[PDB]
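No value in this document is a laboratory result; all are computed from the given coordinates. With ideal geometry, Cβ positions are generated from the backbone for all residues, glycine too; neighbour counts draw on all protein chains shown.
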Amino acid sequence: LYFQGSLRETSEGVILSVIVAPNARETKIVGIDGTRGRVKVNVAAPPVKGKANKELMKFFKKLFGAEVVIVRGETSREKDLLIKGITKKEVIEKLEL
Ligand SMILES: [Cl-]
């Protein structure tokens, strides 16, 4: 039930709600924010020229084996990611690895 506060399933896939910090030592999940309902994700890329966005999408596409797009928050730390064609059960399994 830990990651469930950060995601919801629509007809298209799963919307995963994240809050990023760029310039990190490693791209990885570091926690969850209970009030905001977001996964805290550190991103090992600078927030310039879209590079942290690119790294975030690359990281989750690899984890989920599915296309990941930023549907909201391109220029924000709070971003909603659509993981296309995946189920909530599948996303929870992968986040719990
Ligand atoms: Cl960026």
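Given Cβ point charges of +1 (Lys, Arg) and -1 (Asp, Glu) and nothing else, what value in debye, to the nearest 20, does the dipole of region 3-96 about its Cα centre take?
On the way: 19 positive and 12 negative charges, 59 e Å.
It comes to approximately 280 debye.
May I have the pair-distance distribution P(r) for region 57-97, computed from all Cα-Cα distances with 5 Å bins from 0 and rounded to whole percent?
5, 24, 30, 24, 13, 3
Using only the alpha-carbon atoms, how far is helix 51-64 inclined from the longest principal axis of the chain? Give it as 0 to 90 degrees, nearest 10.
30
Write down the Kirkwood hydrodynamic radius of the chain, to one decimal in angstroms, obtained as one divided by the mean of 1/r over all alpha carbon pairs.
Result for the chain stands at 13.1 Å.
With just the Cα atoms defining each centre, how far is region 60-79 from region 9-38? Give it in Å.
What the calculation gives is 9 Å, centre to centre.
Starting from 0.36 nm per residue, how many nanometres of slack lie between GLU74 and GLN4 once their C-alpha separation is accounted for?
22.9 nm
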